[PDB]
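Colleague: Protein chains in written order, with PDB author numbering: chain A, 57 to 320; chain B, 57 to 320.
In this text, a Cβ means the ideal position worked out from N, Cα and C, and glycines have one as well.
1. Consult DSSP for residue 178 of chain A and reduce its assignment to one of helix, strand or coil.
2. Residues of chain B with CB under 8 Å from residue 76 of chain A, in chain order?
3. Should residue 177 of chain B go down as buried or exposed, given a rule of 16 or more other Cβ atoms within 10 Å for buried?
4. Starting from residue 139 of chain B and walking both ways along the beta strand (DSSP E), at which residues does that stretch end?
5. For a contact defined as C-beta to C-beta under 7 Å, what are the partners of residue 244 of chain A on chain B?
6. Express the C-alpha separation of residue 236 of chain A and residue 72 of chain A in angstroms, rounding to a whole number.
7. Excluding the 5 residues preceding and the 5 following residue 135 of chain A in the sequence, name in chain order all residues of the same chain whose CB lies nearer than 6 Å to its CB.
8. Just the C-alpha distance for residue 220 of chain B and residue 115 of chain B, rounded to the nearest angstrom, thanks.
9. Please look up how many angstroms separate the CB atoms of residue 77 of chain A and residue 286 of chain A, rounded, as I've assumed it's under 8 Å.
10. For a test of the three-state rule: what should DSSP assign to residue 173 of chain B, helix, strand or coil?
11. Please report the straight-line C-alpha distance between residue 145 of chain A and residue 206 of chain A, rounded to a whole angstrom.
12. Can you find a CB in chain B that lies within less than 8 Å of the CB of residue 92 of chain A?
13. Given that residue 289 of chain B touches chain A, what residues does it touch there, using C-beta distances under 8 Å?
14. Whole angstroms is fine: what's the gap from residue 304 of chain B's alpha carbon to residue 153 of chain B's?
15. DSSP beta-bridge partners for residue 63 of chain B?
16. Look at the alpha carbon of residue 256 of chain B and the alpha carbon of residue 311 of chain B, and state the distance between them as a whole number of angstroms.
17. Would you tell me roughly how many angstroms separate the C-alpha atoms of residue 201 of chain A and residue 155 of chain A, rounded to the nearest one?
18. Who are the Cβ neighbours of residue 188 of chain A in its own chain at under 6 Å, not counting the five residues just before and after it?
19. Please classify residue 238 of chain B: does DSSP put it in a helix, a strand, or coil?
20. Any beta-carbon of chain A closer than 8 Å to the one on residue 317 of chain B?
21. Kindly list, in the order they appear in chain B, the residues whose Cβ is closer than 8 Å to that of residue 267 of chain A.
22. Output the distance between the C-alpha atoms of residue 68 of chain B and residue 83 of chain A, rounded to the nearest integer angstrom.
23. Under 8 Å, do residue 281 of chain B and residue 307 of chain B count as touching if we go by C-beta distance?
24. Say yes only if the C-beta of residue 256 of chain A is nearer than 7 Å to one or more non-hydrogen atoms of the ligand FAD, and no if none qualify.
25. Closer than 7 Å by beta-carbon distance: list the chain B residues that pair up with residue 96 of chain A, in chain order.
26. Please classify residue 211 of chain A: is it buried, with 16 or more other beta-carbons within 10 angstroms of its beta-carbon, or exposed?
27. From which residue to which residue does the beta strand (DSSP E) around residue 311 of chain B run?
28. Got a sec: which bits of the region 233-264 of chain B sit with their beta carbon under 9 Å from any beta carbon on chain A, in order along the chain?
29. Output needed for residue 96 of chain B: all residues of its chain with C-beta closer than 7 Å, excluding positions within five of it in sequence on either side, in chain order.
30. Which partner residues of residue 287 of chain B appear in the DSSP bridge assignment?
31. Reducing DSSP to helix, strand and coil, say where residue 277 of chain A ends up.
32. Near residue 137 of chain B, what residues of its chain come up, given a Cβ to Cβ distance below 6 Å and the 5 sequence neighbours on each side ignored?
33. Run through the region 195-262 of chain B for me and flag every whole beta strand (DSSP E) of 3 or more residues, listed as ranges in chain order.
34. Taking 8 Å as the CB-CB cut-off, is residue 141 of chain B touching chain A?
35. Assign residue 149 of chain A to one of three DSSP states: helix, strand, or coil.
36. Interface residues of chain A around residue 79 of chain B at Cβ under 7 Å?
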């Protein structure tokens, strides 16, 4: 019956965000005698996700924890499953949802009351979690009468994104970008151009990656609580494996952290 | 019968070192249809390593890849095994050995010719790989007539190590510490005390973490190519699983990287 194995799918192993989610998962499941059977994805192909899930089932895992992907019409499995890094989707799958809406709202709230124009660089809005974040940003910006420009940026090139940001920086009072690595690249390019942050413009990133406290200026950001996302995914999975049929989503809080990139 | 599962033991996936080692391992084994069964260690208890190994065997894994630990007198295993993050030990266990000797030697060579006294912070020499690194450092320092002070430092406290380093920095021309995170903490503490690097003293880290290129100054360091360490561990394991009984170790080259923290 039970294998005491939990299947886990992780998309980006080198991102400390996913590293911390896995750390949260293992902390909870290993205490209960489970061992993680982990599959690393090469890309976000839904078919590959389904295939990974099928292989987990062939190995008789007792439960599965996977990063989110759009549920296809033919989706099917007979193993308890929890989806993390998900948007607040009200379907039959238990999802661990970071409060992306609060994240976006708080990103705008980190800006000075004197900010009149902000450049918002973002990943494709086709990504549900990003759409939630950006829609909340434009809503709060509108509430505060802060003009903005949305700019979709590449998903794997912080350098190019930083050039685009600096090229138009004199048109903005602040810049909000996709994550802290992208913010770090913006800081590096600003220095190449002899521009100062926050003097010439305020800067806000996302994640609260360890990098934030080591740059100059330090980076203002939003902490996504990845460890808690992981721990919660594990607890919710254990509940499903214990006969709890609830499909309610767990909403994980996000925390705004003010550093020198906004405060000076 | 084969399970097409490979047991892997690692502390976690946060640091670049372990995340990249796993990246290297998974890249090679998934290509061959294997799935990683990963046990995360909470400490360096040899007994816990042995128990983790027994659990993998009870799960019929086809091979095991683990971080290094001192082999106890009663060590016994009937499953192919490869140890990474190992010193160059000539026993019957296949080990993937980073060239710690070269790493230590090149760390001293990163210092400017003007450097006369260096503070060398290191983890306990009871750790074989660190002993190899430090012994190479003192050998090269002696060759170049550079005076030095060896200071054992905490393994889980970059902050405390940074305070110790700065409290006596006035007595040194350069400081070499355990890794780039520790180096970053030193740069941060140096800023708190209105001291500049390399101005007041040069600095060298280890690991070539992503943050090296985003700090001010950028950090000179040693890249031990963890992805290659992982890929090699997987290749050697597949060889053992193929009847190749050689127990010779694989030595992996390192690459010193000069950045602004050692610019004279």
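Modeller: On the basis of the supplied data:
1. strand
2. 70
3. buried
4. 137-140
5. 270
6. 11 Å
7. 113, 120
8. 46 Å
9. 4 Å
10. strand
11. 24 Å
12. yes
13. The contacting residues do not exist; residue 289 of chain B stays about 15 Å from chain A at best.
14. 10 Å
15. B:93, B:120
16. 26 Å
17. 23 Å
18. 143, 156, 157
19. helix
20. no
21. 266, 267, 270
22. 10 Å
23. no
24. With respect to small molecules bound, the structure shown includes none, and the ligand FAD cannot be examined in it.
25. 82, 86
26. exposed
27. 311-313
28. 237, 240, 241, 243, 244, 247
29. 66, 67, 68
30. None; residue 287 of chain B has no bridge partner.
31. strand
32. 120
33. 203-208, 230-232, 258-260
34. no
35. coil
36. 69, 70
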